[PDB]
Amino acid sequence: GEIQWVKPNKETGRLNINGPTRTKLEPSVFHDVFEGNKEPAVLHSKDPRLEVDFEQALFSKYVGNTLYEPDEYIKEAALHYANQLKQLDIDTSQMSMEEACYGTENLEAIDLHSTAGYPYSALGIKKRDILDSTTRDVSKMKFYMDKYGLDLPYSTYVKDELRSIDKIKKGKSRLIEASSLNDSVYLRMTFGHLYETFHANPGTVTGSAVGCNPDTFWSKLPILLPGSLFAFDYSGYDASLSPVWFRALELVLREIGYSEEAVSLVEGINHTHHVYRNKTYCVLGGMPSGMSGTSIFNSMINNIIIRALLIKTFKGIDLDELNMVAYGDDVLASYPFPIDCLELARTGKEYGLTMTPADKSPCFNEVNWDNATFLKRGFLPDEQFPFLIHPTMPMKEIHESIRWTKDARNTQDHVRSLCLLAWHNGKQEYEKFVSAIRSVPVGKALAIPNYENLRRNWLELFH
């Protein structure tokens, strides 16, 4: 991704997009009970903790673009993945606006508390005044579609969330690039059936884990991913995508039978305009963060990427022996023989991709079931039933979460959610967690799940 220009909103004629300036996160009653280093992300250029210019840091993620058109390896990768997708029989026909607005079995209805985007946010029109769940009304929608059209700018807001200390010093807050309601609708109409298919079929046919539930999906993954594992991390995956990967996405969509009218929506993703505060800017390459379908297209692109990297890096790769699942940039993959990611990362650099070892060290060490992580969780076989696999979230990350709150009124829900994550680490660690919670008066006031009930509820998911 690369920013092509920046202009004042007077010159472009766009309405200003202002976002909140102060965090909703304050220390919780557990802030001193548990260790942690994270704090709310810098949200304002005048944050005292900054040690860099804020807006420079905000847009450094756009590292540039290298390739613009597919080479042989990317072509073969794209075609191999699309062929794999054929066995899913995706309905490449346009989904209805009513289905696209109000939802189906495998596609959530448009969230009515998520923003409407440009220009609706600026001119006060609310999503509640245009869509009605009881009515399944597309009347006003069709109007505002005709009124404001498509290819509207994405509205840029900084994300209010915890971040590590180095990321606060360095200004590295994350951005939400919220699509406009009209483009959500058009994208959900064009690809909603594909979204349905992916959501219902997390695994190694889609190559996607969007829609997975880790409590149950973890037990499938060692069977879906036989052989030797490989994985690695990206730095700034979304922002580092060169336009070649959106060309490659077009290859995939066409080969599984999408119309050229549908395939043509991809250039509107590759080339996007954003309003942040009082400025407009153009972005060439790079996936927009808050687009309808961001995770699914990131995940498909990743399937193209891993295949290409394999067949360009090594001789004799049989892509039919690759197994992988991606959630956006996060990837876990396997192959009958070990894969050297040091060499994959070298090839990745040529494509404009920055790939680093999965263990966060400087060396690409072996990835096995005992150290692999996906969606930040490890893999722990149950002591009683070793075919059942616990997704294990590090207590360190749960410790960081519980030290802060956005509304202390829901302390109960917050602690319960963390408990549903924490018990997978075992009885002793869980009871150490609960004891620490209860060492504090608000802690003795909470209904806290008992470990044996958690375990039994999880076992029952498999019967």
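Quick note: we count residues from 1 along the sequence shown, nothing fancier.
The mean C-alpha temperature factor is higher for 82-90 when 374-382 and 82-90 are set side by side.
Stretches compared: 132-140, 291-299. Higher mean C-alpha B-factor in the entry: 132-140. Comparing the C-alpha B-factors of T354, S184, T216, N201 in the entry, the top value falls on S184.
Note on the listed residues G211, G124, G227, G285: the highest Cα temperature factor in the record is that of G124.
Ranked against the other modelled residues of its chain, the C-alpha B-factor of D146 as given in the entry falls in the highest third. When the modelled residues of the chain are ordered by C-alpha B-factor, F54 sits in the highest third. For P391, the recorded CA B-factor ranks within the lowest third of the chain. Only modelled residues enter the ranking. Remark: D413 belongs to the lowest third of its chain, ranked by C-alpha B-factor as recorded. Ranked by Cα temperature factor within the chain, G328 sits in the lowest third according to the deposited record.
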